[PDB]
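The structure under discussion appears below in the form of structure tokens.
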Amino acid sequence: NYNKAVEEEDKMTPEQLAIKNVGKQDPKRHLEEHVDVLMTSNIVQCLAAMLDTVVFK
Amino acid sequence: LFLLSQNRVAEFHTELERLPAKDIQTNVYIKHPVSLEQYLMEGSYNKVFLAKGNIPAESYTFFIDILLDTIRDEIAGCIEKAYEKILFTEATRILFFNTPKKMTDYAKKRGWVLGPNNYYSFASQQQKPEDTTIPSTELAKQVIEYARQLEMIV
Amino acid sequence: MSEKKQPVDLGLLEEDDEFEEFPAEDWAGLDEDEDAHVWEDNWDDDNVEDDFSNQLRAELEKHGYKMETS
Amino acid sequence: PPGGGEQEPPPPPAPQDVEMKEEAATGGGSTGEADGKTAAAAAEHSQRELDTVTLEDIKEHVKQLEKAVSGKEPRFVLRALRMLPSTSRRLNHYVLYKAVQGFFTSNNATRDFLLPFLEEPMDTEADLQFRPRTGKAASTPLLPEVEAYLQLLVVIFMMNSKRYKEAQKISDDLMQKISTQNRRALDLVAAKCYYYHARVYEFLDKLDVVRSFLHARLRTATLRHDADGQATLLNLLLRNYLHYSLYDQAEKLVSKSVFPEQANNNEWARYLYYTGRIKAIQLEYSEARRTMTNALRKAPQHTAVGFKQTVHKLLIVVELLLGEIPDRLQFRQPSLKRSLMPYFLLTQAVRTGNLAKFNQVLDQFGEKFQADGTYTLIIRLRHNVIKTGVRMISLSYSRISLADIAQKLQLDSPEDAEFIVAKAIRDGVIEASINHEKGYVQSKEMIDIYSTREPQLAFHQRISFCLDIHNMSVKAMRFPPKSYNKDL
Amino acid sequence: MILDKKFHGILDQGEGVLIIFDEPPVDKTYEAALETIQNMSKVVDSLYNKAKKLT
Amino acid sequence: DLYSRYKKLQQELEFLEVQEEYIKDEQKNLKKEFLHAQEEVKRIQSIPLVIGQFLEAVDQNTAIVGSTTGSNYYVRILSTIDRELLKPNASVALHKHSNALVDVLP
Amino acid sequence: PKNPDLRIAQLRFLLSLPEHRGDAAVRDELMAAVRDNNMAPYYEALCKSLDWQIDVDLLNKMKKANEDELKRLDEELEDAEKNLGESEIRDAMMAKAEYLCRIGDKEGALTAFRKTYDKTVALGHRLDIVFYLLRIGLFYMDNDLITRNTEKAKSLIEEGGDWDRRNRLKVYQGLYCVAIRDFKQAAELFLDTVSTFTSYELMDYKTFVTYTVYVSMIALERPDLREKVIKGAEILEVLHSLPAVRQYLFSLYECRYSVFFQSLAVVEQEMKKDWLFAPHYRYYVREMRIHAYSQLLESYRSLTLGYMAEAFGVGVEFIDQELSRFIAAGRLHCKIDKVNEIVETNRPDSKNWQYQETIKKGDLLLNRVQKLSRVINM
Amino acid sequence: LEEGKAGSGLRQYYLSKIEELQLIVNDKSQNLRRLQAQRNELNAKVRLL
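Protein chains in written order, with the deposited numbering: chain c, 254 to 310; chain d, 104 to 257; chain e, 1 to 70; chain V, 18 to 505; chain X, 368 to 422; chain D, 39 to 144; chain Y, 12 to 389; chain C, 11 to 59.
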């Protein structure tokens, strides 16, 4: 939901990228936060092998 | 004929380009191998047997018989595959004459069971699946590899 | 390199040398009605149109006659 | 006559300005760049070069210029010739020699002065130092302009150009190894030249020498190469093996290698087209299909209209062999349409599967696809119609009628029905259960997908492969930013 | 009423088998599809920007 | 010196090769120290605090904030906070000690 | 033009191909040939018309009448020219262009409407000129040309929707969306039918309803019907016009193919012999059939041949090959097996397939990031 | 002879290709140390904070 809430602005971004491109008036990084979201998303992958070990032996 | 007998027929397919040099093309012997192999692609042995008498007095008819002799294990091998089961009434038509060459050789070849004038097939989709333990382990190894590729240089 | 497109283009020029603007107009007869229309949907449309081009093109009016007979 | 005569001088020297500016910017830019460090900069101007070539390929330049506009041919680069130092007087001479022809008139010719182009390389190409790169950047751009219009007895002069090119460089080389950017460019340049006189080769005579020695010239390149030039030199050999080879026992599976990293946004497409054409002869349903379709979906850069039309023709041709033939949908161009117009009726007639009528119909209006020669894939297709048809039967219901469907398939007989059906079963491309009770043959014919049936083992390889592609895509969003941050 | 989709169920004629089933993860595939579609525009626009800055 | 260039260059090769594991160590450790310091400055911010009021922003990334008693306080905002909190009239909450604004409420 | 002669000249399609209706068609064509200067259109359509015996008689009068009227318009134009004014020259050039639309000359109308386009004081009058190009655009059945000026006048409006302006424009949108096969995006177009009134300029109200009833009944499913037309009183008011439409709606809503296939002939005959609706007569039939089949197979899994044959009132051999084609070419539901002599489906299109809906866009995204990798370094 | 100007030559050019690989190592170290200096700059920034 939050990622989509970012993406709706990301739809507005290529216009500005097609207009100015000089300087950054937006303090929001939009990157590292989503990276952290991926870090929280990696928990499933990391615990998958755990579940595999539990099931196996 | 050699390429067809040795199951090199793929190389025959890639050799199909040079033979139509339009040198003669009015001879049936020239269009004979490509039509015979085309019938082989059709898989029908009936057309070949019916056209067996169409071959002229030329002496390679015996070599054609040799071809049938070396493809008969392929034809019979494919028709006797029996994914489920078959009835003998079709076998009478497909298989050769009363000479017990097939019922002898294939009995010691395939090594199957014979019932009351019927061919029984086994080991068909009877394979038991895995315990899901091993693929889970290899998936765990894949997860480790994912950890490596995602973070190695870091 | 891209220089290998030259003999192909010359081949197209030969194809244009065969007939002069015949298939252009002949297919423009259909294309004028097919213009502005999505060419994605025209695949199945042309498929069915060419399939029924031989026989039973309509067949909708024949159903009423096939009610009592079938 | 007076009007055209008064309006005569302005049109011909139109390209002169932007062309001189082009060669000055490219030459002076590249040389002025790598002068300090040649070994540092690698293939920065390469894409610019190939872009300029692909741009100058469609040039309409010479049309009415056949008369006394050829005065630009005798003149040439002449940058800092005969002496390394004291380039000021020559900086004046750059304006001087251009001013000489700009007074009144100048003596010009066409076929008169040609051969003695090797006078300068006999002593000094330009500066006596940078001679190989300045020399190639001198000779190679202007050569196709002089060798333009292959017809009208330029063949002999083209041969002179050949032996001259060889003797000055190509025969062997000016030195053992250049080992620089001018060499990395020399690869694709010499390759482009090979493609240039390839037409002259295939025109009348055949190959007893050059491309046969091109193997020794290929391995003369060390195995430590990026194999870009090696692959480009492999493309012309494969194209020379394209028309007639017929022996798959060696180069197939021998020519396979480590396959280093190469993009170029061209070579992928054209080489995949080549090996796709080679692998289309054995009718590969799995690999060749998707890889040639992908190859068709690639190379957006220049023209997909006049190039991809052939690989599209081959695509649909090998597509209709499976019984399911997709047509042109997303791509709209007035080329592939006209190209597929004669083939459209029959490729649409494939799904119908009527032997008797279409047997005559094909040969009736058949022109191009039967001009492909030796009637191969079509004599395969003729009897492939019944296989795609019985495949459509496999996609159809189970119960087979002795009358109805036998008449629909235009084949009526108890034996050959079940026989051909069994031949469709042994292929392994479908699923059927052979059963005999009352004499009728049924089938389970389940086309149901892997949903809710052994899911893990089903999409396992899909997950692994797709994750691998996405991960190398992560590498693709990793390395280039580093290539951005390398200089800063 | 099944065509009106007021409840979960399906009818039968010959066999007369009544099957009732539901699909709880509705909000998953929807938001996922929305994310894919929205990101497609981003990638396409990016391709437009690159095609503009290059050729 | 021609053949010596090789053997002389090998030292530079090894010297440039030894920096790999070094930059590996740096890039792997300094990010851990980065998240360390990040959580160190994150734990500084606490929920219990005193709520003041915003007044005006005289410059970039710096402004003044009025208190409950009516006394205006001068406090530089943190770089993380965007320009959305620079609104002339809003309810702002500083820390009871650090006097920093984590977030604003409507 | 806004005259009925536009429709009279629009009847040339049914005047041409069929020889059955070619009597009354040429009858009221010749009858309306003396109105609104119809000389040139039926002179061009003369190939589809009778001989030159009675043809050349009226030509002598119409050609001099045209010249007189045209030179009178030129006289009025000269009277308006070299004088102080704005709307005078505008209305003069507009009326002149209208007469140029009456004679059927596209060039003169083009340059005239272009001149008055350059003379436009406002965007509203400009939009009026655009519409004036659209009404003749319906006759010339051009595609990009009629969408060009509308796309150009689409931006920078700011005056908001008017009463008959935005309405007529919405009708035009409905028409060009009738031409194109776009449906779902065009489903918002006919919602303005409440404010629509009788229009003699392009199409009558009942004709508009008769045209939109196809897309409304076919392209829109039952929830869409209940949300729009069933909840709305519009169809409730206009069902009293003809008994046919009401039966067509009720039979489909009640899923009765007995009377539907019986009245299907009338629907087929009404579908064809239409100006802009001609090329799509193949699409609507198949679409309605596959929609009905999908609707019937939606709530039904295992279907016996008897109840089906009694429901559709048609032979089993026809629906055999029908469904057989709708398997591969149709691509609606899963594989059907005849082993039990009873139709039985599975359709696992819900659970795993909902997650498998993103595999196509996922593969396309894979090719697209392969493209993204292709842009790299060159 | 045909060695020192041939074999040793292609050996030195092989060494030049080695210089190309070490150039890859070079600019990889460059952008890695630039990213390093960036992260160190941000860390020094929050250190100033």
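C-beta atoms are modelled at their ideal positions from N, C-alpha and C, and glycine is treated no differently.
For chain c, check one thing: does any of its Cβ atoms lie closer than 8 Å to the Cβ of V246/d? yes
When you compare the CB positions of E462/V and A449/V, do they come within less than 8 Å of one another, or not? yes
Terminal residues of the alpha helix (DSSP H) in which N41/C lies: 17-58
Check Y294/Y in the structure and name its three-state DSSP category. helix
Is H110/V helix, strand or coil by DSSP? helix
Look at the alpha carbon of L259/V and the alpha carbon of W43/e, and state the distance between them as a whole number of angstroms. 33 Å
Taking only runs of the alpha helix (DSSP H) that begin and end inside the segment 324-386 of chain Y, which ones reach a length of at least 4 residues, in chain order? 327-336, 362-366, 370-385
Could you list the residues in the segment 386-418 of chain V with a C-beta less than 9 Å from some C-beta on chain Y, going in chain order? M409, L412, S413, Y414, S415, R416
If you measure from the beta carbon of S2/e to each beta carbon in chain B, is any gap under 8 Å? Of the protein chains in the structure, c, d, e, V, X, D, Y and C, none is chain B.
Under a Cβ-count criterion, where at least 16 other Cβ atoms within 10 Å of its own Cβ denotes burial, should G185/Y be classed as buried or exposed? buried
Do you know how far the Cα of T69/e is from the Cα of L60/e? 15 Å
Exposure of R114/D, with buried meaning 16 or more beta-carbon neighbours within 10 Å: exposed
Applying a beta-carbon distance threshold of less than 9 Å, which residues of chain V neighbour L377/Y? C483, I486, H487, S490
Identify each residue in the segment 219-247 of chain Y for which the Cβ-Cβ distance to at least one residue of chain X is less than 9 Å, and report them in chain order. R233, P234, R237
If distances are taken between C-alpha atoms only, which option among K38/V, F120/V, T127/V, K325/V comes closest to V94/V? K38/V
Residue from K184/d, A179/d, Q141/d, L122/d whose Cα sits closest to the Cα of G445/V: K184/d
Assign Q196/Y to one of two classes, buried (16 or more other C-beta atoms within 10 Å of its C-beta) or exposed (fewer than that). exposed
So, does the segment 320-338 of chain V touch the segment 390-408 of chain V, judging by three or more C-beta pairs under 8 Å? yes
Determine contact between the segment 130-146 of chain V and the segment 107-118 of chain V, defined as no fewer than three beta-carbon pairs at a distance below 8 Å. no
Report the residues of the segment 308-335 of chain V with a CB closer than 9 Å to any CB of chain Y, ordered along the chain. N311, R314, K315, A316, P317, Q318
For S352/V, which residues in the same chain have their Cβ closer than 7 Å to its Cβ, ignoring the five residues on either side in sequence? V322, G323, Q326
Please state whether the Cβ-Cβ distance between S105/D and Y112/D is less than 8 Å. no
Looking only at its chain, what residues have a beta carbon closer than 7 Å to the beta carbon of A97/V, apart from the 5 residues adjacent to it on each side? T104, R107, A143, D144
Would you kindly work out how many angstroms separate the C-alpha atoms of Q76/D and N67/D, rounded to a whole number? 14 Å
What residues of chain V sit near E40/e, judged by a beta carbon separation below 9 Å? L346, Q347
Taking 8 Å as the threshold (beta carbon to beta carbon), is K66/e in contact with chain Y? yes
Against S313/Y, what residues of chain X qualify as contacts under a CB-to-CB distance less than 8 Å, listed in chain order? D379, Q380, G381, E382, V384
Do the CB positions of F323/Y and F261/Y come within less than 8 Å of each other? no
Around the C-beta of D47/Y, are 16 or more other C-beta atoms found within 10 angstroms, so that it is buried, or is it exposed? buried
Per DSSP, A131/D forms a beta bridge with which residues? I89/D
Using alpha carbons as the reference points, say which of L287/Y, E281/Y, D153/Y, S166/Y lies closest to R192/Y. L287/Y
Collapsed DSSP secondary structure at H375/X in the structure displayed: coil
What are the residues that DSSP puts in a beta bridge with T315/Y? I353/Y
On the criterion of 16 or more Cβ atoms from any shown chain inside 10 Å, does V112/V qualify as buried, or is it exposed? exposed
Tell whether a beta-carbon distance below 8 Å holds between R200/V and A59/V. no
Under 9 Å from the C-beta of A280/V: neighbouring residues of chain Y: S384, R385, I387, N388, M389
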